Amino acid sequence: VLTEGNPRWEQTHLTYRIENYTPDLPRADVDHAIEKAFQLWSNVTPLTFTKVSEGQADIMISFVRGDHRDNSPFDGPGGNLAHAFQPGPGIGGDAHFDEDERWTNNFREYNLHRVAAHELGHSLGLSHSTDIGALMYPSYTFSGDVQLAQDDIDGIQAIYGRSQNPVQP
Ligand SMILES: COc1ccc(S(=O)(=O)N(Cc2cccnc2)[C@@H](C(=O)NO)C(C)C)cc1
Ligand SMILES: [Ca+2]
Ligand SMILES: [Zn+2]
Ligand SMILES: [Zn+2]
C-alpha cells in the first residue's frame, strides 16, 4: 500500500507451488534448480520458504506457450524469455517461463536455474541493477559461476536485515 503498484512482502515466510513441469526436463532436475535458488536467498536472509501442494501459494510458477490469456504473448525465440507480475495479491507474485525455447541444466543455449533466480529477484522486489556480477541483468547474457553478488546480498538484506544466525546444521 505504501508503494504505488509495488508492495513488498510484509511476511517473513513465503510459500510457492509449481503448476506443472515442462516436458523439456523432468521434475527432479527442475525441483533441484528451483530448490537450490530458494536456498541461496534464505542462506543470507532469515526468510523461510515452503512448497505447498494445495491452496494458493504466494508465488505461483507455471510454463506457458504462445498467447496464454495475457497482454504480453511471446513472439517466437525473439522478445523476452520470461516475465512475472509485481509482488501483490491476485495474479501478483505469479511468474511464467517461456516454454517455446528448450531449457537445459548446463551452460547450453539457456540456463533454467539462472532465469528462476532472476524471476525470484522480481518477486522479492529487487529491481534491475548495473552491476556486472548482479544476476538481475536486464537482457540475457553468459555469466561465470552462479553466485549472489554483494550488491544483491546487501539489497535483500537491507530491505529485511542480515541473517544474524549463520548456523549450518
Ligand atoms: C537471468 O535473468 C534474466 C531473466 C529474464 C530475461 S528476459 O529477456 O526475459 N527480459 C529482459 C529483456 C528482453 C528483451 C528486451 N528488453 C529486456 C525480461 C526480464 O527482465 N525478466 O526478468 C522482461 C522483458 C520481461 C533476461 C535475463
Ligand atoms: Ca523468446
Ligand atoms: Zn505468461
Ligand atoms: Zn528482469
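Given the DSSP H assignment, sum -39500 (n - 2.57) over each helix run of at least 4 residues in the chain and divide by its residue total; what's the result at 222 nm in deg cm²/dmol, nearest 500?
Taking each H run of at least 4 residues, the total per residue is -7500 deg cm²/dmol.
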Item to check | Orientation-averaged projected area, Cα convex hull of the chain (nm²) | outcome: 10.8 nm²
Checklist entry - Sorted by mean Cβ packing within 10 Å, highest first, what order do the peptides 1-7, 73-79 take? => result 73-79, 1-7
Checklist outcome for this item: If each part is reduced to its alpha-carbon centroid, segment 53-128 and segment 140-167 end up apart, in Å, by 20 Å
Checklist entry - Considering only DSSP beta bridges whose two residues both sit in the chain, what percent are antiparallel, to the nearest 5? => result 25 percent
Checklist outcome for this item: Note: segment 48-113, point scatterers on Cα, Debye, no solvent; log10 I/I(0) at q = 0.15, 0.26 Å⁻¹ equals -0.58, -1.20
Checklist entry - Nearest 10 degrees, 0 to 90: what angle lies between the long axis of helix 150-159 and the longest principal axis of the chain (Cα atoms)? => result 70 degrees
Checklist outcome for this item: Nearest 10, in degrees from 0 to 90: the angle of helix 27-43 to the longest Cα principal axis of the chain is 30 degrees
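All Cβ positions, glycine included, derive from the backbone under ideal geometry; neighbour counts span all protein chains shown. Just so you know, all these numbers are worked out from the coordinates, no wet-lab data involved.
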